[PDB]
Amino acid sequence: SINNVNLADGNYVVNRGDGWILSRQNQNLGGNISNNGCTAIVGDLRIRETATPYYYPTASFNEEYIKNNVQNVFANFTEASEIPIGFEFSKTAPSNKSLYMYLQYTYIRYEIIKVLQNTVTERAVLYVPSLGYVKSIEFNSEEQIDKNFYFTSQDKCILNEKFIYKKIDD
């Protein structure tokens, strides 16, 4: 399953990759509607004030342990957070149809795992605010939409998941 790793016994810090979207937060930022060849644009600014990290600590790994161990091997998100970064998406609505696009934040998934016998015994999780992602759909008041378009029930990555590790010491 998801706990079978081919690593010696110990504690590791893993970069699960950029591109993670969180469960059911799909439409928290709102959606945009346009039509007849109009171009629609949505963007943001992950200013430290807004974009805040999501911690999921365990007994062996508390918030601090997770942070320091992540910012030590990978991008120091605490420093980076002081410098505003923007991103936008644009799409042109079809000639005689309506377009709907909604935006949501993406994240980098970091994990702190306790390995024992090539199996994960404990797992802490951190989601560091990254940028954003938009989903579009053409429509009319007549179309029924697959509700999975609007809702994500389990955290997932819109890119390819990763597993870049480094055994923790001390």
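The numbering used is simple: start at 1 and walk along the sequence shown. Definition used throughout: the rigid core is the maximal C-alpha set that superposes within 1.5 Å between two forms.
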Top-deviation stretch by C-alpha RMS in 5 other deposited structures of this protein (rigid core reference), from 111-119, 66-74, is 111-119
99-107 versus 45-53: which one's CA atoms end up farther from this form in 5 other deposited structures of this protein after a core fit?
-> 45-53
Could you check which stretch, 44-52 or 129-137, carries the larger mean CA temperature factor in the entry?
-> 44-52
Would you mind comparing 5-13 and 149-157 for me and telling me which has the higher average C-alpha temperature factor in the entry?
-> 5-13
Of the residues 29, 120, 101, 38, the one whose Cα carries the largest B-factor in the deposited record is 120
Residue 88: which third of its chain by C-alpha temperature factor?
-> lowest
Which third of the chain holds residue 61 when residues are ordered by C-alpha B factor: lowest, middle or highest?
-> highest
Chain third (lowest, middle, highest) by recorded CA B-factor, residue given as residue 106 | lowest
Comparing against every modelled residue in the chain, figure out the third that the C-alpha B-factor of residue 68 lands in (lowest, middle or highest).
-> middle
How does residue 112 rank on Cα B-factor within its chain, lowest, middle or highest third?
-> middle
